[PDB]
Amino acid sequence: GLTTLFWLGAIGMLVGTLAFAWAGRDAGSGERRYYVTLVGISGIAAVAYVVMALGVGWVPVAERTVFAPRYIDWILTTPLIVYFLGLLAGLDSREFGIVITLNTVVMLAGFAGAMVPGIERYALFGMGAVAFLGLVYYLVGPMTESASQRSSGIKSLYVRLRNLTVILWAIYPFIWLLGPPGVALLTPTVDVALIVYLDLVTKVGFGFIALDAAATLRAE
Amino acid sequence: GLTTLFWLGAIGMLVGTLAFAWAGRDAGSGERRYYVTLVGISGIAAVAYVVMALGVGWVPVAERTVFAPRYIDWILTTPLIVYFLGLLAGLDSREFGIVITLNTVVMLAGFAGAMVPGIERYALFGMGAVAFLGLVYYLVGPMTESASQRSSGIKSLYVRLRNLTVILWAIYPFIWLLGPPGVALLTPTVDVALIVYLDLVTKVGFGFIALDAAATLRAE
Amino acid sequence: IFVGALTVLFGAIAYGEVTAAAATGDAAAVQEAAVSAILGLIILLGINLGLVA
Amino acid sequence: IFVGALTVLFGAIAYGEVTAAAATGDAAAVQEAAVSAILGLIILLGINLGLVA
Ligand SMILES: *C/C=C(C)/C=C/C=C(C)/C=C/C1=C(C)CCCC1(C)C
Ligand SMILES: *C/C=C(C)/C=C/C=C(C)/C=C/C1=C(C)CCCC1(C)C
Ligand SMILES: CCCCCCCCO[C@@H]1O[C@H](CO)[C@@H](O)[C@H](O)[C@H]1O
Ligand SMILES: CCCCCCCCO[C@@H]1O[C@H](CO)[C@@H](O)[C@H](O)[C@H]1O
């Protein structure tokens with residue numbers, strides 16, 4: 001039922017990708033980047049799910065099953081989500097560089113740990129967990145302050161997307177620890193189903209919330 | 001772990017009983033009946049849970065375990081809850097007689113069905129289910145209209161307690177069908193735990209909501 | 001926190017049954033405890049949702 | 001309805017694993033699928049709650 005779950009993830013990401021592309025067809029010169037980023041976020045995820053649905057990238061590591069495309073997906077898409085949040089917050093190059101750096105450590109850490117048999121994987125997890133707390137600090141602190149300098153509508157959207165992000169992203173590390181990568185209490189099937197749900201919400205749900213605010217922002 | 005669960009139910013009901021008795025210590029001549037009813041509702045339930053915690057009233061019927069005190073409890077306490085709701089709604093003798101009659105059919109039906117081996121138990125369940133729909137009609141229709149003739153505070157409390165009642169009571173028949181009385185998909189332990197939770201909310205939770213509104217009603 | 005704590009408590013109780021059943025070695029006994037746990041958790045969600053509403 | 005429907009879908013998937021495992025006759029295999037189902041449902045509640053919030 002794994003392939004079936006991966007196909008559902010692919011379909012969900014595809015629907016989102018198309019909706020975002022269509023919704024941004026007539027976007028102004030200032031909204032453009034936002035729509036394009038959303039397309040890239042869900043588009044790359046759709047590819048990762050298709051690759052896994054086709055049975056590619058499955059890695060039977062020390063009596064467990066980890067999926068390489070899942071982590072590759074994250075390494076490339078989460079920084080785009082952070083970029084989107086950063087654009088709303090109005091960050092400069094330096095500030096973007098800081099959060100992208102932190103985000104990348106998180107994703108590379110989970111990927112490396114997932115491929116590492118033995119207790120060493122937990123040290124790698126720790127590296128990612130600490131970087132993640134640092135990322136959360138920037139999102140709720142400095143970046144929120146930066147967002148406060150924008151319009152009420154922008155600040156409002158930033159906050160909604162940031163909350164969704166902080167709260168749901170915080171769940172992934174528990175699934176990593178409880179799933180195949182860690183103590184393997186969750187079966188590959190349950191692990192994949194929970195991630196499909198979380199991925200769809202953090203990418204497609206995230207996008208629809210932005211699309212829903214578009215008209216209000218233009219009116220401002 | 002059954003006895004442990006029954007003791008928790010007893011303790012929870014006891015705490016509620018004492019809280020309601022204490023809260024009504026200085027109740028006026030018009031609030032008195034309300035506090036007394038709450039005491040009776042949770043007090044009788046506390047006795048039923050103690051009896052079951054002591055291993056009394058357990059009935060091993062045709063490869064399943066049903067608990068006589070549970071049903072006896074319901075037959076005697078649910079009509080007191082309906083009475084409390086009826087008092088807020090301002091019902092007359094006739095109207096009280098109608099809802100109490102309907103309520104009693106529901107409880108007697110579930111009790112009889114629980115003690116009846118074979119498909120006949122489902123006909124008994126049906127009798128209770130239909131009577132229950134009739135009871136829900138009176139609660140949301142005629143009695144709500146009657147409650148609308150009272151103060152805004154009374155109507156407000158009636159509605160809150162009625163919603164809690166209609167929504168949660170509707171769950172019991174599913175637990176009956178899925179639990180030991182019906183298809184027995186839920187183990188006795190899970191069945192008892194869910195009922196302890198529902199009983200505490202429909203009686204003690206119900207009472208604390210009323211206690212919380214007391215001061216506002218007096219101010220009116 | 002309330003619903004969350006309770007859901008955890010219920011899961012623990014459910015887990016206790018599964019574990020106890022597993023100790024017997026009877027796959028059917030484990031299945032029974034498991035189906036019960038799953039249906040119980042779903043009902044618990046119904047209760048919690050109804051309460052919130 | 002959304003969270004409710006999904007919780008039902010998840011339970012069904014979880015049930016599928018328990019049932020499949022039971023077919024083998026290995027009490028340990030059933031236990032593994034069951035613990036997974038229980039923990040999964042609890043996490044699902046976390047997700048749903050986080051989403052609502
Ligand atoms: C599109 C998919 C998303 C939004 C994925 C988010 C993934 C995370 C927030 C993962 C976090 C992890 C940690 C904090 C610790 C190390 C292990 C990870 C990679 C599971
Ligand atoms: C204090 C305990 C309470 C509020 C118990 C409420 C019980 C019910 C609403 C039971 C209802 C049933 C049906 C509608 C159909 C037949 C079987 C029952 C008795 C489980
Ligand atoms: C569907 C997603 C719609 C996102 C709309 C985001 C609107 C943010 O607002 C835009 O931010 C830009 C930042 O450089 C500014 O240059 C634009 O003038 C401003 O309108
Ligand atoms: C803790 C529970 C407190 C319940 C307070 C209910 C107050 C309802 O209000 C009371 O209803 C009576 C009905 O006969 C009237 O006679 C009283 O005058 C009126 O104050």
# chains A, B, ... in the order shown; residues from 1 in each chain; ligands from 1

$ residues_around --residues "residue 49 (chain C)" --least-positions-apart "5" --cutoff "10 Å" --atoms "only C-alpha atoms" --output "ChimeraX atom specification"
/B:167-168 /C:3,43-44 /D:3-4

$ write_last_selection --atoms "N, CA, C and O atoms" --output "PDB file, in the first residue's frame"
ATOM      1  N   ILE B 167     -25.259  15.883  21.890  1.00  0.00           N
ATOM      2  CA  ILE B 167     -24.053  15.417  21.221  1.00  0.00           C
ATOM      3  C   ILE B 167     -23.386  14.210  21.876  1.00  0.00           C
ATOM      4  O   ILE B 167     -23.082  13.224  21.205  1.00  0.00           O
ATOM      5  N   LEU B 168     -23.158  14.271  23.183  1.00  0.00           N
ATOM      6  CA  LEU B 168     -22.497  13.154  23.848  1.00  0.00           C
ATOM      7  C   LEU B 168     -23.390  11.939  24.074  1.00  0.00           C
ATOM      8  O   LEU B 168     -22.918  10.809  23.987  1.00  0.00           O
TER       9      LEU B 168
ATOM     10  N   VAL C   3      -7.416  17.036  26.162  1.00  0.00           N
ATOM     11  CA  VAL C   3      -7.698  16.005  25.173  1.00  0.00           C
ATOM     12  C   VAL C   3      -6.408  15.263  24.841  1.00  0.00           C
ATOM     13  O   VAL C   3      -6.396  14.039  24.724  1.00  0.00           O
ATOM     14  N   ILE C  43     -13.296   6.555  18.494  1.00  0.00           N
ATOM     15  CA  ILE C  43     -14.451   6.993  19.276  1.00  0.00           C
ATOM     16  C   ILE C  43     -14.014   8.120  20.210  1.00  0.00           C
ATOM     17  O   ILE C  43     -14.730   9.106  20.385  1.00  0.00           O
ATOM     18  N   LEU C  44     -12.828   7.976  20.795  1.00  0.00           N
ATOM     19  CA  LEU C  44     -12.308   8.992  21.701  1.00  0.00           C
ATOM     20  C   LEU C  44     -12.241  10.342  20.987  1.00  0.00           C
ATOM     21  O   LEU C  44     -12.509  11.384  21.589  1.00  0.00           O
TER      22      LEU C  44
ATOM     23  N   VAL D   3     -11.089  16.233   9.703  1.00  0.00           N
ATOM     24  CA  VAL D   3     -10.273  15.498  10.659  1.00  0.00           C
ATOM     25  C   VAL D   3     -10.933  14.155  10.952  1.00  0.00           C
ATOM     26  O   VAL D   3     -10.264  13.126  11.027  1.00  0.00           O
ATOM     27  N   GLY D   4     -12.255  14.174  11.102  1.00  0.00           N
ATOM     28  CA  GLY D   4     -12.984  12.952  11.382  1.00  0.00           C
ATOM     29  C   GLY D   4     -12.843  11.933  10.271  1.00  0.00           C
ATOM     30  O   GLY D   4     -12.585  10.757  10.527  1.00  0.00           O
TER      31      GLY D   4
END

$ residues_near_ligand --ligand "ligand 1" --cutoff "6 Å" --atoms "only C-alpha atoms and all ligand atoms" --output "MDAnalysis selection string"
chainID A and resid 74 77:78 106:107 109:110 125 128:129 132 169:170 172:173 176 199 202:203

$ write_last_selection --atoms "C-alpha atoms" --output "mmCIF file, in the first residue's frame"
data_model
loop_
_atom_site.group_PDB
_atom_site.id
_atom_site.type_symbol
_atom_site.label_atom_id
_atom_site.label_comp_id
_atom_site.auth_asym_id
_atom_site.auth_seq_id
_atom_site.Cartn_x
_atom_site.Cartn_y
_atom_site.Cartn_z
ATOM 1 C CA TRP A 74 12.949 18.359 2.072
ATOM 2 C CA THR A 77 11.713 22.469 -0.723
ATOM 3 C CA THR A 78 11.873 23.560 2.917
ATOM 4 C CA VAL A 106 18.231 20.500 9.822
ATOM 5 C CA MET A 107 17.458 18.684 6.560
ATOM 6 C CA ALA A 109 21.084 16.162 9.475
ATOM 7 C CA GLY A 110 17.890 14.128 9.181
ATOM 8 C CA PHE A 125 19.460 13.991 14.817
ATOM 9 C CA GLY A 128 19.265 18.877 13.227
ATOM 10 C CA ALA A 129 17.101 19.383 16.318
ATOM 11 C CA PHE A 132 15.681 23.631 14.068
ATOM 12 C CA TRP A 169 7.378 21.223 11.287
ATOM 13 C CA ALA A 170 7.896 20.486 15.002
ATOM 14 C CA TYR A 172 8.426 15.791 11.850
ATOM 15 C CA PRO A 173 11.283 15.144 14.314
ATOM 16 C CA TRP A 176 11.650 10.588 12.579
ATOM 17 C CA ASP A 199 3.669 17.321 3.515
ATOM 18 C CA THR A 202 2.844 22.270 4.964
ATOM 19 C CA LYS A 203 3.095 22.794 1.192
#

$ residues_around --residues "region 15-32 of chain D" --least-positions-apart "4" --cutoff "8 Å" --atoms "only C-alpha atoms" --output "VMD selection string"
(chain A and resid 185 187) or (chain C and resid 18 to 19 22 25 to 28 30 to 31 34 to 35 38) or (chain D and resid 11 36 to 37)

$ write_last_selection --atoms "N, CA, C and O atoms" --output "PDB file, in the first residue's frame"
ATOM      1  N   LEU A 185       9.061   2.334  15.812  1.00  0.00           N
ATOM      2  CA  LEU A 185       7.836   1.876  16.459  1.00  0.00           C
ATOM      3  C   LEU A 185       6.682   2.030  15.467  1.00  0.00           C
ATOM      4  O   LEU A 185       5.662   1.348  15.562  1.00  0.00           O
ATOM      5  N   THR A 187       5.381   1.645  11.618  1.00  0.00           N
ATOM      6  CA  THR A 187       5.714   0.848  10.444  1.00  0.00           C
ATOM      7  C   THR A 187       5.955   1.792   9.269  1.00  0.00           C
ATOM      8  O   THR A 187       5.558   2.956   9.306  1.00  0.00           O
TER       9      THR A 187
ATOM     10  N   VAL C  18      -2.788  -4.672  24.314  1.00  0.00           N
ATOM     11  CA  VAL C  18      -2.086  -5.281  23.193  1.00  0.00           C
ATOM     12  C   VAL C  18      -0.886  -6.065  23.712  1.00  0.00           C
ATOM     13  O   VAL C  18      -0.681  -7.221  23.342  1.00  0.00           O
ATOM     14  N   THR C  19      -0.102  -5.427  24.574  1.00  0.00           N
ATOM     15  CA  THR C  19       1.090  -6.055  25.142  1.00  0.00           C
ATOM     16  C   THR C  19       0.733  -7.325  25.910  1.00  0.00           C
ATOM     17  O   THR C  19       1.368  -8.364  25.732  1.00  0.00           O
ATOM     18  N   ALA C  22      -0.240  -9.999  23.537  1.00  0.00           N
ATOM     19  CA  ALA C  22       0.923 -10.510  22.821  1.00  0.00           C
ATOM     20  C   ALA C  22       1.657 -11.559  23.651  1.00  0.00           C
ATOM     21  O   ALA C  22       2.181 -12.536  23.114  1.00  0.00           O
ATOM     22  N   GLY C  25       0.837 -15.208  23.009  1.00  0.00           N
ATOM     23  CA  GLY C  25       1.375 -15.837  21.815  1.00  0.00           C
ATOM     24  C   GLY C  25       0.309 -16.103  20.772  1.00  0.00           C
ATOM     25  O   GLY C  25       0.593 -16.619  19.691  1.00  0.00           O
ATOM     26  N   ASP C  26      -0.929 -15.745  21.096  1.00  0.00           N
ATOM     27  CA  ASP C  26      -2.049 -15.947  20.187  1.00  0.00           C
ATOM     28  C   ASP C  26      -2.258 -14.721  19.306  1.00  0.00           C
ATOM     29  O   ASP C  26      -2.679 -13.668  19.783  1.00  0.00           O
ATOM     30  N   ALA C  27      -1.961 -14.868  18.017  1.00  0.00           N
ATOM     31  CA  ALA C  27      -2.106 -13.778  17.055  1.00  0.00           C
ATOM     32  C   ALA C  27      -3.525 -13.220  17.026  1.00  0.00           C
ATOM     33  O   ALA C  27      -3.723 -12.024  16.809  1.00  0.00           O
ATOM     34  N   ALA C  28      -4.507 -14.088  17.239  1.00  0.00           N
ATOM     35  CA  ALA C  28      -5.909 -13.679  17.236  1.00  0.00           C
ATOM     36  C   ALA C  28      -6.228 -12.802  18.442  1.00  0.00           C
ATOM     37  O   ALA C  28      -6.992 -11.841  18.337  1.00  0.00           O
ATOM     38  N   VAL C  30      -4.158 -10.866  19.995  1.00  0.00           N
ATOM     39  CA  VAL C  30      -3.529  -9.571  19.766  1.00  0.00           C
ATOM     40  C   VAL C  30      -4.396  -8.759  18.815  1.00  0.00           C
ATOM     41  O   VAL C  30      -4.629  -7.574  19.035  1.00  0.00           O
ATOM     42  N   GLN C  31      -4.867  -9.405  17.755  1.00  0.00           N
ATOM     43  CA  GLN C  31      -5.710  -8.735  16.772  1.00  0.00           C
ATOM     44  C   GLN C  31      -6.949  -8.133  17.438  1.00  0.00           C
ATOM     45  O   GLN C  31      -7.325  -6.998  17.154  1.00  0.00           O
ATOM     46  N   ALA C  34      -6.064  -5.096  19.387  1.00  0.00           N
ATOM     47  CA  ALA C  34      -5.673  -4.039  18.461  1.00  0.00           C
ATOM     48  C   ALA C  34      -6.870  -3.356  17.793  1.00  0.00           C
ATOM     49  O   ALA C  34      -6.931  -2.127  17.719  1.00  0.00           O
ATOM     50  N   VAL C  35      -7.812  -4.151  17.296  1.00  0.00           N
ATOM     51  CA  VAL C  35      -8.994  -3.602  16.646  1.00  0.00           C
ATOM     52  C   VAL C  35      -9.752  -2.768  17.667  1.00  0.00           C
ATOM     53  O   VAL C  35     -10.268  -1.693  17.356  1.00  0.00           O
ATOM     54  N   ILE C  38      -7.891   0.562  18.143  1.00  0.00           N
ATOM     55  CA  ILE C  38      -8.108   1.453  17.008  1.00  0.00           C
ATOM     56  C   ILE C  38      -9.499   2.081  17.031  1.00  0.00           C
ATOM     57  O   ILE C  38      -9.640   3.298  16.898  1.00  0.00           O
TER      58      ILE C  38
ATOM     59  N   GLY D  11      -7.346   5.047  10.502  1.00  0.00           N
ATOM     60  CA  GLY D  11      -7.693   3.856  11.256  1.00  0.00           C
ATOM     61  C   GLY D  11      -7.857   2.665  10.332  1.00  0.00           C
ATOM     62  O   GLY D  11      -7.406   1.559  10.632  1.00  0.00           O
ATOM     63  N   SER D  36       2.215   0.406  16.295  1.00  0.00           N
ATOM     64  CA  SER D  36       2.372   1.389  15.238  1.00  0.00           C
ATOM     65  C   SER D  36       1.055   2.132  15.037  1.00  0.00           C
ATOM     66  O   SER D  36       1.033   3.358  14.946  1.00  0.00           O
ATOM     67  N   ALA D  37      -0.043   1.381  14.981  1.00  0.00           N
ATOM     68  CA  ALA D  37      -1.364   1.975  14.790  1.00  0.00           C
ATOM     69  C   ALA D  37      -1.715   2.943  15.920  1.00  0.00           C
ATOM     70  O   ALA D  37      -2.184   4.054  15.673  1.00  0.00           O
TER      71      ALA D  37
END

$ residues_near_ligand --ligand "ligand 3" --cutoff "7 Å" --atoms "only C-alpha atoms and all ligand atoms" --output "number ranges by chain"
A: 24, 30-31, 34-35, 87-88, 90, 154, 207, 210-211, 213-214, 217-218

$ interface_residues --of "chain C" --to "chain B" --cutoff "7 Å" --atoms "only C-alpha atoms" --output "ChimeraX atom specification"
/C:33,35-36,40,47,50-51

$ write_last_selection --atoms "N, CA and C atoms" --output "compact mmCIF listing (two decimals), in the first residue's frame"
# COMPACT_ATOMS: atom_id res chain seq x y z
N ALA C 33 -7.39 -7.19 20.59
CA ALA C 33 -7.01 -6.05 21.41
C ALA C 33 -6.68 -4.84 20.54
N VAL C 35 -7.81 -4.15 17.30
CA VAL C 35 -8.99 -3.60 16.65
C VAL C 35 -9.75 -2.77 17.67
N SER C 36 -9.80 -3.27 18.89
CA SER C 36 -10.46 -2.58 19.98
C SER C 36 -9.78 -1.24 20.22
N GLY C 40 -11.44 2.28 19.57
CA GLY C 40 -11.56 3.07 20.78
C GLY C 40 -10.99 4.46 20.60
N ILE C 47 -15.65 11.76 20.90
CA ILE C 47 -15.99 12.34 22.19
C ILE C 47 -15.34 13.71 22.36
N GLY C 50 -16.86 16.29 20.06
CA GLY C 50 -18.19 16.66 20.53
C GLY C 50 -18.11 17.60 21.72
N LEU C 51 -17.18 17.32 22.63
CA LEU C 51 -16.99 18.13 23.82
C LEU C 51 -16.60 19.55 23.45

$ select_by_dssp --residues "region 54-185 of chain B" --states "strand (DSSP E or B)" --output "list in words"
residues 58, 59, 60, 61, 64, 65, 66 and 67 of chain B

$ write_last_selection --atoms "N, CA, C and O atoms" --output "short mmCIF file (atom, residue, chain, number, x, y, z; two decimals), in the first residue's frame"
data_model
loop_
_atom_site.label_atom_id
_atom_site.label_comp_id
_atom_site.auth_asym_id
_atom_site.auth_seq_id
_atom_site.Cartn_x
_atom_site.Cartn_y
_atom_site.Cartn_z
N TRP B 58 -21.42 -7.92 37.85
CA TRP B 58 -20.78 -8.29 36.59
C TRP B 58 -21.55 -9.49 36.06
O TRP B 58 -21.69 -10.49 36.76
N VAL B 59 -22.05 -9.39 34.84
CA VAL B 59 -22.83 -10.47 34.26
C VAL B 59 -22.26 -11.08 33.00
O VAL B 59 -22.38 -10.53 31.91
N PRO B 60 -21.59 -12.24 33.13
CA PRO B 60 -21.00 -12.92 31.98
C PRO B 60 -22.11 -13.53 31.11
O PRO B 60 -22.52 -14.67 31.33
N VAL B 61 -22.60 -12.76 30.15
CA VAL B 61 -23.66 -13.22 29.25
C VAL B 61 -23.08 -13.67 27.91
O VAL B 61 -22.27 -12.97 27.31
N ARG B 64 -19.68 -12.73 26.72
CA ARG B 64 -19.38 -11.31 26.83
C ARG B 64 -19.64 -10.85 28.25
O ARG B 64 -20.26 -11.55 29.05
N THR B 65 -19.15 -9.66 28.57
CA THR B 65 -19.33 -9.13 29.91
C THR B 65 -20.09 -7.81 29.89
O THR B 65 -19.64 -6.83 29.30
N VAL B 66 -21.26 -7.81 30.52
CA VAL B 66 -22.07 -6.60 30.63
C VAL B 66 -22.13 -6.27 32.11
O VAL B 66 -21.98 -7.14 32.96
N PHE B 67 -22.34 -5.00 32.43
CA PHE B 67 -22.36 -4.57 33.81
C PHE B 67 -23.73 -4.01 34.18
O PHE B 67 -24.11 -2.93 33.73
#

$ closest_residue --among "D:9, D:42, D:2, D:53" --to "chain C" --atoms "only C-alpha atoms"
D:42

$ atom_distance --atom1 "CA of residue 10 (chain C)" --atom2 "CA of residue 39 (chain C)"
11.7 Å

$ atom_distance --atom1 "CA of residue 85 (chain A)" --atom2 "CA of residue 14 (chain A)"
21.8 Å

$ atom_distance --atom1 "CA of residue 131 (chain A)" --atom2 "CA of residue 36 (chain A)"
27.2 Å

$ closest_residue --among "B:26, B:83, B:97, B:122" --to "ligand 2" --atoms "only C-alpha atoms and all ligand atoms"
B:122
